[PDB]
Structures are given as C-alpha cells and as structure tokens.
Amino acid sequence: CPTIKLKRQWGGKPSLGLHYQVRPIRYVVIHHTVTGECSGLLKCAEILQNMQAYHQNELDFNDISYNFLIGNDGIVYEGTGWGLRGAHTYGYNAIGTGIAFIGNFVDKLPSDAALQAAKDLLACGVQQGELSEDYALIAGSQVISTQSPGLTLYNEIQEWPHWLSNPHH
C-alpha cells in the first residue's frame, strides 16, 4: 500500500467546494498531465501547486481536477483524493476516480515506479472498499475527446486486468 502525499504535504490549497462520491467507486480513469515530468517533493509540489491554481483560477474548478497524480518517483500525490468528486473527465467525475500520471506519455511510458504505484493504489482501493472489486479501468480517450493518457500509456493500461473496452461516452 502506497503512502499517499496528502494535499497539505505538498503545499496545496483547500478545495473551494466539496461533492461527496458514492462508495464504492466503479470507474478508474487514467490520464496524463501534458506537463513535464517530476521526481521528489520539491519539483512535484511546484507542478501541482501551479496546476491547482490554474484549475481553481482559470478553469473555475473547486480543486485540482484529478483525484490522484503520480510522479516519476512512484509516489501518489493527493489531488481531490478518495471519495470526493474531481473534474477530470466529463460524465465520470461523480462515478470515477481520476488518476493522472505526471508527464506526457504519447511516445513513452511513465517510470516503472509510477506504473507500480498505480497498480498498488488500485489494489489498496479495492481492499479498503474505495473501489468495486470489479472496478473498470479506462483511458480518458475512451470516453471524452482527448488523447490522454497518451497512445503509449494507453497501450500499456489496456493490458492490465480490469481494463474495460466499451465504456459509455
């Protein structure tokens, strides 16, 4: 079970509005940030802080759009966190957990540590009752008009158990 970097622990601002999710959650949506990569708290916190500010100020979201975000270091950074609605995926915020790999993975994969942290996050979520034992894992590109999480990353995750090939758009 990965130790999650909580919101305060990376210097993030409190959410401007809470919307509680049903438990358990049935969909996990995978994204990339279309940002540079990062490792370690110092560079990861800068990106997340700027991203949250952009989401709250320019995009009018209550908080950083993703539920969780994962760095090259293989640490899971709390975005909206478990049980709270983000704004990462149209039609899948209330009923989904949005997980973004930090970086751009059209042409490359995230680090092995990032990929393993993600699998651990999903298994622990099932174990803790955060996710349905038969949760569906999907790419953002399956359900909204986007390339996220990037073709290469997309090719990776369609091989994990729980991948669902036909989620509703």
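Numbers for residues come from their place in the sequence shown, where the first is 1.
Undergrad: Which is higher on mean Cα B factor in this entry, 28-36 or 122-130?
TA: So the stretch with the higher mean C-alpha B-factor is 122-130.
Undergrad: Which is higher in the entry, the mean Cα B factor of 63-71 or that of 41-49?
TA: That would be 41-49.
Undergrad: Going by what the PDB entry lists, where does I144 fall on CA B-factor within its chain: lowest, middle or highest third?
TA: Middle third - that is where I144 ends up once the chain's C-alpha B-factors are sorted.
Undergrad: In terms of the chain's CA B-factor thirds, is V106 lowest, middle or highest?
TA: Its C-alpha B-factor belongs to the highest third of this chain's values.
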